[PDB]
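Enquirer: let me give you the complex in parts, starting here:
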Amino acid sequence: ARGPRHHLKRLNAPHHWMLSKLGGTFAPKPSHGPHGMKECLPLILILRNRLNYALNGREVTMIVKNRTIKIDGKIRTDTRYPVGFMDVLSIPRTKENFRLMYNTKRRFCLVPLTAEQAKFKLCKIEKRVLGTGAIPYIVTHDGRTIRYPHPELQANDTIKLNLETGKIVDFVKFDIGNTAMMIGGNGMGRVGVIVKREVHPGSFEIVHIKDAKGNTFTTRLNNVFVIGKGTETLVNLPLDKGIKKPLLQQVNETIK
Amino acid sequence: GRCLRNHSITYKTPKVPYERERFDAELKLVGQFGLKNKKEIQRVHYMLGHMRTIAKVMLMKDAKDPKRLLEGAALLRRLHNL
Amino acid sequence: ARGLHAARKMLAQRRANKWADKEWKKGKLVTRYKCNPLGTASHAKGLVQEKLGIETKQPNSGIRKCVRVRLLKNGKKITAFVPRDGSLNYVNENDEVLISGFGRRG
Amino acid sequence: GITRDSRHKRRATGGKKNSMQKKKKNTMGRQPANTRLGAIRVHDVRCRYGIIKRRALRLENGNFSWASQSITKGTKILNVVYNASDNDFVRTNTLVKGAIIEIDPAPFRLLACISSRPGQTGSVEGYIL
């Protein structure tokens, strides 16, 4: 290769994009934006696979270009805009809204959002950096740069953001008495309560989280996304609540 | 590899080509079912071996094996309604 | 050389002891591409030069009709067995004749 | 041009490397610009990723420093006295980092060692022992 890669082959796409293998040679490449390449779902697939509004991808351009879909506090006109984490998603022309969420079955699920709870969106602190001029600020999960935040914030907490005002509402610390929902690999799609965190000075920090029903699972620190403090749920969890069913009610249940 | 579309075979020719202990028994099934040729006899033989091995691999473990319960229940369930 | 940590002697022994077979060794020497008139080819095209008849071995009797064929890729000379009864007449001088091995491997 | 790759060297055991591909542009290299004495003459070379390097061939004025009194006033340099990298660099009067130079203390009173990269920064800076 001489430079950047543009064409994404169908199979090289992440497996959680619901794509087929005989549909076509290429897959829509998500552009640069607020979330990663494999941590996203392109806006073209959302309106053609999950929503089934368009027969093919040509008609997606006849939708986004009309200034129809609103994401976060602004409104975009990019066909393949990168849609990743639980950032809100509003389509006023159809009077319906959704939310891109993980599920325990390793996919991207869309939980409907009402107009009352689409006014704010959660964000995750990635790092606290003392900028120039003695001006500290924190980089969020969506890559959002924000001005002077609460000085009590750390680099691994969570901030309750508002879209229109763009100000911090509430903060939940990363401690032992809180709850989190996973964004990782096997553990992603699982909610639970942090019970113990072991620190390894060598490479990684490992944390133990217990599910609501008592199930205990292990994951890395980089996978932790705190959803609340004290088993309280600050957003609408998916239909399955994010519990990890022990496959007893999947093979047998699907029979009937 | 050349094509993305998968493919498979169904019948495998018996190793010994000429036996009088296997020629007579082939017409006891061809004439009885009114079969056209000997392709079908090899095809069901593949089918029986398709699950005979599956039953044998998971029969060697304990009755408490999670994989034995998971695939075994599906294996018996699939083979009961058929 | 049964020891648990002696996995180099056993591997080296097999590498040494594998060269003594008459069959696989033919598959690693560069002689198929060099000395075999066919090479790795299934068939060889050639040109007819001489008509010859080889008498059979001691228990049998008779003359086997054959032709000396010169190839177009190597130029070597190989004796070819005319297939059927009275089929030596069909072949002519200076014509394309296909040559492809025999029953015994190579 | 001058390639800084490691495909033309040998291994740690003395074996000679065997080539697979031609030169790659990501192994750029430019001829050294020995900053000699003379009139102000600084060129601009276009590096990779579009950045611009102030390429200097000859300068006579350098912004000096002296920390015991915290005064930094530029002055003209007379000539290079001693170099720790090469001896033939003294006679050519080239300007390189860590080279002892002699100056006129005209604005320092009313032996300097260079501590910049004049071939890259485009300017000459130093301090006083």
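Expert: All right, it came through fine. Residues are numbered from 1 along each chain as shown, chains lettered A, B, ... in the order given.

Enquirer: show me how far stretch A:247-256 is from its chain's centre.
Expert: Distance, stretch centre to chain centre, for stretch A:247-256: 28 Å (Cα atoms, centre = their mean, to the nearest Å).

Enquirer: please, where are all the helices along the chain?
Expert: You didn't pick a chain, so chain A it is. Using DSSP state H, the helices found in chain A span residues A:43-45, A:58-64, A:248-251.

Enquirer: please refer instead to chain B.
Expert: Ranges of helices within chain B are B:20-33, B:39-58, B:66-80, based on DSSP H.

Enquirer: other SSEs contacting the shortest one?
Expert: Using 3 or more Cβ pairs under 8 Å, 6 or more residues apart in numbering or on different chains; DSSP states H and E, the elements in contact with helix B:20-33 are helix B:39-58. All C-beta atoms are positioned from the backbone trio N, CA, C, and that covers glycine.

Enquirer: over to the last one?
Expert: Judged by 3+ Cβ pairs under 8 Å, 6+ apart, helix B:66-80 is in contact with helix A:248-251, helix B:39-58.

Enquirer: what bridges to residue D:79?
Expert: Note on residue D:79: beta-bridge partners by DSSP bridges are residue D:102.

Enquirer: count of residues packed around it?
Expert: 11 (other Cβ atoms under 10 Å in any protein chain shown).

Enquirer: my read: it touches residue D:104, true?
Expert: No: the pair residue D:79 and residue D:104 does not pass the contact test of Cβ atoms under 8 Å, sitting 10.9 Å apart.

Enquirer: doesn't residue C:64 make contact with residue C:51?
Expert: No: Residue C:51 is beyond contact range of residue C:64, at 11.8 Å (criterion: Cβ under 8 Å).

Enquirer: circling back to that earlier point, dump the helices and strands packed on helix B:66-80 into CSV; add distance to residue A:115 as well.
Expert: Listed next are the helices and strands packed on helix B:66-80 as CSV, based on distance: least, Cβ to Cβ, whole Å:
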stretch, distance to residue A:115
helix A:248-251, 34
helix B:39-58, 53
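
Enquirer: how about those in a markdown table, adding distance to residue A:21 and mean neighbour count?
Expert: Output for the helices and strands packed on helix B:66-80, formatted as a markdown table (distance: least, Cβ to Cβ, whole Å; neighbours: other Cβ atoms under 10 Å in any protein chain shown):
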| stretch | distance to residue A:21 | mean neighbour count |
| --- | --- | --- |
| helix A:248-251 | 24 | 11 |
| helix B:39-58 | 24 | 12 |
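
Enquirer: tack on RNA strand E:
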RNA sequence: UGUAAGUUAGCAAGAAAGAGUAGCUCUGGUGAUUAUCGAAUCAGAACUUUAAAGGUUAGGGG
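Expert: The block that follows adds RNA strand E to the chains above:
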């Protein structure tokens, strides 16, 4: 610096082949007596020119 075939293993061999050599100003190494004193010899560095064994003596090679 390098040097083949052959060989009686000694030789072939100065094999073949390639680089250097001036002038001036310097530096270092090689000793005796307890700092002085004495020898031509080797090595290295700047600078200059008309780029240096060739006035005489002075192997052509395979």
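
Enquirer: show me what counts as buried in stretch A:131-140.
Expert: Buried residues in stretch A:131-140, counting neighbours by 16 or more other Cβ atoms under 10 Å in any protein chain shown, are found at A:138, A:139, A:140.

Enquirer: hmm, the first one is touching residue A:131, no?
Expert: No: counting by Cβ under 8 Å, no contact exists between residue A:138 and residue A:131, whose distance comes to 10.3 Å.

Enquirer: quick check: longest strand in chain A by residues?
Expert: Secondary structure of chain A per DSSP state E: the longest strand is strand A:120-131.

Enquirer: give the other helices and strands that it contacts.
Expert: strand A:135-140, strand A:158-162, strand A:224-228.

Enquirer: of the ones you listed, which is nearest residue D:22?
Expert: The closest approach between residue D:22 and any of the helices and strands packed on strand A:120-131, judged by Cβ to Cβ, belongs to strand A:135-140 at 41.4 Å.

Enquirer: stretch A:128-137: end-to-end distance?
Expert: 6 Å (Cα to Cα, to the nearest Å).

Enquirer: hang on, the earlier thing: will you turn the helices and strands packed on strand A:120-131 into a markdown table that also has distance to chain B?
Expert: Converted to a markdown table, the helices and strands packed on strand A:120-131 look like this (distance: least, Cβ to the nearest Cβ, whole Å):
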| stretch | distance to chain B |
| --- | --- |
| strand A:135-140 | 41 |
| strand A:158-162 | 36 |
| strand A:224-228 | 28 |
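
Enquirer: in JSON lines, list those strands along with distance to residue D:61.
Expert: Listed next are the helices and strands packed on strand A:120-131 as JSON lines, based on distance: least, Cβ to Cβ, whole Å:
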{"stretch": "strand A:135-140", "distance to residue D:61": "37"}
{"stretch": "strand A:158-162", "distance to residue D:61": "52"}
{"stretch": "strand A:224-228", "distance to residue D:61": "57"}
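
Enquirer: what number of residues lie near residue 9?
Expert: Chain wasn't specified; assuming chain A. Counted with other Cβ under 10 Å, residues neighbouring residue A:9 total 10.

Enquirer: wrong one, I was asking about chain D
Expert: 8.

Enquirer: ok, now RNA strand F:
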RNA sequence: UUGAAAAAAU
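Expert: Time to bring in RNA strand F:
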């Protein structure tokens, strides 16, 4: 004491 040989295949 001397004493060699017995055409190819059925």
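
Enquirer: re-run the earlier check on the neighbour count of residue D:79 with RNA strand F in the model.
Expert: Counted with other Cβ under 10 Å, residues neighbouring residue D:79 total 11.

Enquirer: returning to that earlier point: the longest strand of chain A pairs with which strands, parallel or anti?
Expert: Strand pairing for strand A:120-131, determined by DSSP bridges: strand A:135-140 (antiparallel), strand A:158-162 (antiparallel).

Enquirer: now the angle from it to strand A:224-228?
Expert: If you take axes from the mean of the first three to the mean of the last three Cα atoms, to 10 degrees, strand A:120-131 sits at 130 degrees to strand A:224-228.

Enquirer: quick one: strand A:120-131 to chain centroid distance?
Expert: Put simply, strand A:120-131 sits 15 Å off its chain's centre (Cα atoms, centre = their mean).

Enquirer: can you pull the contacts of residue D:94?
Expert: By Cβ atoms under 8 Å, 6 or more residues apart in numbering or on different chains, the residues touching residue D:94 are D:34, D:35, D:36, D:80, D:83.

Enquirer: tell me how far it lies from residue D:41.
Expert: To residue D:41, residue D:94 is 14 Å away according to Cβ to Cβ, to the nearest Å.

Enquirer: what about stretch A:97-111, start to end distance?
Expert: Distance between the two ends of stretch A:97-111: 9 Å, counting by Cα to Cα.

Enquirer: residues near the one residue in chain D that gets nearest to chain A, how many?
Expert: Here chain D gets closest to chain A at one residue, residue D:25, 9.1 Å apart by Cβ to the nearest Cβ. Counted with other Cβ under 10 Å, the neighbours of residue D:25 add up to 9.

Enquirer: can you give me phi and psi for it?
Expert: Main-chain torsions, residue D:25, degrees, to the nearest 10: phi -60, psi -20.

Enquirer: please tell me I have it right and residue A:216 contacts residue A:196.
Expert: No: applying Cβ under 8 Å, one finds residue A:216 not in contact with residue A:196, separated by 9.6 Å.

Enquirer: okay, and the common contacts of those two?
Expert: With Cβ under 8 Å, 6+ apart, residue A:216 and residue A:196 have common neighbours residue A:208.

Enquirer: returning to what we had before: residues of the longest strand of chain A that come out buried?
Expert: Within strand A:120-131, the residues scored as buried using 16+ other Cβ under 10 Å are A:120, A:121, A:122, A:123, A:124, A:125, A:128.
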